[PDB]
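Below are two forms of the same protein chain, given as structure tokens: structure 1, then structure 2.
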Structure 1
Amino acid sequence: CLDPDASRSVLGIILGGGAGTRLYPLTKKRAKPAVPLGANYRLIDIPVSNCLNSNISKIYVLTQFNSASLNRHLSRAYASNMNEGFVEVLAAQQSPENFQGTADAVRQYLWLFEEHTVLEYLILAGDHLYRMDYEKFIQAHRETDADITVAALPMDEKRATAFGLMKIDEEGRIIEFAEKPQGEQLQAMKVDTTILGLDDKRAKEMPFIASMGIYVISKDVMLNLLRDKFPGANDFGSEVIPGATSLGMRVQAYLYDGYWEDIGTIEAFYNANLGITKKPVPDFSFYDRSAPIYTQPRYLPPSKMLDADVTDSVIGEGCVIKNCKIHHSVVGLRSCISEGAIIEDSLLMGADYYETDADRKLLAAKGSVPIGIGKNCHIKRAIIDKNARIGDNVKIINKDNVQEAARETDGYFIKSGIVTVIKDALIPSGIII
């Protein structure tokens, strides 16, 4: 428990719109927080939900640019029902026509954040797949009298490079910090993860304590660090966190034990998404009796299946599936899948609306193709973004096993060997990718 309660003492600040290319092309026609997730959600639903389910109701979403789409989702899913909570988007730019780092994004709105009578700021990333009760995270921050509390966990040697690593004393206080080190520096960070609880067998298998990129910073400390101490810092992990320690500030670590995946990259995203189909039980479920992941109420009808053979898959709401075959895939909301289509190890983002039988009549008369997966199509190891018009006989098998290829003009982009059809893209029948 906490006192004062988190509701009135903790402010949530989500770092969403990274303004990068890591998830390109999923971020080509939309704000990063809006990227579709798990058949029925969007990235931003993960941190907003965890907050709400943690009794945190004052939330700000820091993103690159305003998006009518994003606001509409946030407004309809959260704004409606928070005695004074809120979920507000704070855009960095006045347009999508332009860079900026996390510490820069926070300093920009320091004048607004400091107006809140709160004891701490909860800083979350907007692209991690995980369930966490932030009250225990904050509880640890208050009991250790920490200036900054960094969430951490065991990390293997392969990924250790992509993270900020640390070393803690028996109290969990952070004694040594290093942002994405490598070489001698990376090996020098290897530590005994037995103090974390790891038996011994899997402790030498993960001799690293990696930062999860989320933090609890006491109000005045934040203002102090960003305005006075490091007015020139751009990133938290790379500059603010290391700087705070070097100054001798109380930097505490908090050990997380649940599931946790950063899905900021295409491959990671892809694997995480198909990860909800694994049996007997997936490492992460959006639904939880106690702490479920929320999303926008859509009142879509129950999915229709004409003649479908579905194995190891999850099906979103309001799908219209004909005589087809779906395997080890995630079928997004409002997905239309035609006759003879074959979907394998894929992620179908679905669609934003339904075309009418009349809409589909005009398209044909013009040689265009309807939203959805066309007849006798083969979709394999792909990410089909929203409203994609995939013509008949299209096959996305990437025969040659090409790893990368930027083909925006042809409607796709290949990354890590994954073919991602862009949003609203049309892919003519007969095309083979």
Structure 2
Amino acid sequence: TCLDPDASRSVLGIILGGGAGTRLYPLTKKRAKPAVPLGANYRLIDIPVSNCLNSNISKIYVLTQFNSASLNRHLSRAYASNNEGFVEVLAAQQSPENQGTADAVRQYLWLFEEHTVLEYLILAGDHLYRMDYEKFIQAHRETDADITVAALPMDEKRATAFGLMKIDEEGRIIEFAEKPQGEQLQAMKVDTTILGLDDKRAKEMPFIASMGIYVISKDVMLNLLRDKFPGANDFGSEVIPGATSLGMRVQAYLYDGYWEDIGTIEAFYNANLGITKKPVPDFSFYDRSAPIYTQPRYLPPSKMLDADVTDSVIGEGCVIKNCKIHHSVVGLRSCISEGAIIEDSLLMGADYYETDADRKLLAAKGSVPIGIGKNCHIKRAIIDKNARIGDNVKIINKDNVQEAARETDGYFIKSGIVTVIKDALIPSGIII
């Protein structure tokens, strides 16, 4: 492995966040998508960013729909330092009221085209994966590629679930397809050994699917967005396929690592309960070499009055009273009162703590303090930031609902997952 010029001074990271589907609502109701809490100590945005930094990419642009003081403070307090690097948030619009990937990038082509760089690293979507973009860049160069598309291998089963690419002798992408049913699926079968897989697993996974992350030569992208296809919206559907029709060197690169998508409540839910996996969680946030970074907070060590946790992870600066936590992920600052039970749940915690004087007024006012009230029962749920769950609240959804837009009540049910909205106040005794 060796890139020259150095990636740090020759590559520009462009993360496609913000602009995304409301597939994560209500989590994206009162906040920029990139800012969505993850793993109890992190935020979605921290993944591609950390990967960029760990991959020696120091020039990072975070694309988003609108501006967030929260996103900034997070990115500013955790990365604003890396020299000659930077991590700037570029926002699509001027307000949270109301795009298309290629559109997103094109909007700021005027800014992008200013940096002296060889390639643009286009990272889009929402995934939990650990990649070293460097090897991916090297391939892009050692092939005089104009566009190098990262590809995920898969057997013909889950193959008709994604968009498939076809490669020639050299691995040059020659054709595309969206869930080719069956009569025309086999046509997409290529022998992936050409991309680095061993005959064994290549015969198992004879299909390649776009991963939604690319490397494009500084000049190509400018020409593609600015001239060849100025009216396109998405990349993996228009630009990429179109640059192919023009006969450009569109190369494939195979990623054989962990890759879990999390653009939906269920996927996200399950992804998060994933680090409580036995005996080894397939994805680990911490890594001796390529760890995921976050905002330094200087929170105290979690306190535990009399808790009986089992198969769960606990975030920083927690205050936990006598209770029972099972198979769950407790976010930072999370307060859990007496006799509470938490099961297969993701408690995102809080952004700040409330003092005793505070819990004092709230009481006299008859309101509920931040946290899980006394003797509450939380099952299969996501309790967003600053939730105020009153006493005796039971979130068990016994009738087993699957859809509910109970916003006014501070919640939402999707795929059977109850999700207490951020800053929501769930009154004592309420059952769900």
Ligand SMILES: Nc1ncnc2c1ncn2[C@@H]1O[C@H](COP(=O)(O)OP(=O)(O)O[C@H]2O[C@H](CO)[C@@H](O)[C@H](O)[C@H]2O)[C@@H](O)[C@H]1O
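Quick note, the numbers are simply positions in structure 1, starting from 1. Take the two forms, find the largest set of C-alpha atoms that superpose within 1.5 Å, and that set is the rigid core.
> Deciding between structure 1 and structure 2, tell me which is the form deposited without the named molecule.
It is the second structure (the form deposited without the named molecule) rather than the first.
> Can you tell which residue in 208, 294, 230, 130 has its CA shifted by 2 Å or more between structures 1 and 2 when the core is superposed?
Among the listed residues, the outlier is 208.
> Rigid core aligned, does the Cα position of residue 269 differ by 2 Å or more between structures 1 and 2?
No, shifts by less than 2 Å.
> Checking residue 283 here: with the core superposed, does its CA move 2 Å or more between structures 1 and 2?
Shift of 2 Å or more: no.
> After fitting the rigid core, is the C-alpha of residue 320 off by 2 Å or more between structures 1 and 2?
After core superposition, the C-alpha of residue 320 moves less than 2 Å between structures 1 and 2.
> What is the magnitude, in angstrom, of the C-alpha shift at residue 182 between structures 1 and 2 when the rigid core serves as the superposition reference?
So the C-alpha of residue 182 has moved 4.9 Å between structures 1 and 2.
> Upon rigid core superposition, what is the positional shift of the Cα of residue 35 between structures 1 and 2, expressed in Å to one decimal?
Once the two forms are fitted on their core, the shift reads 0.2 Å.
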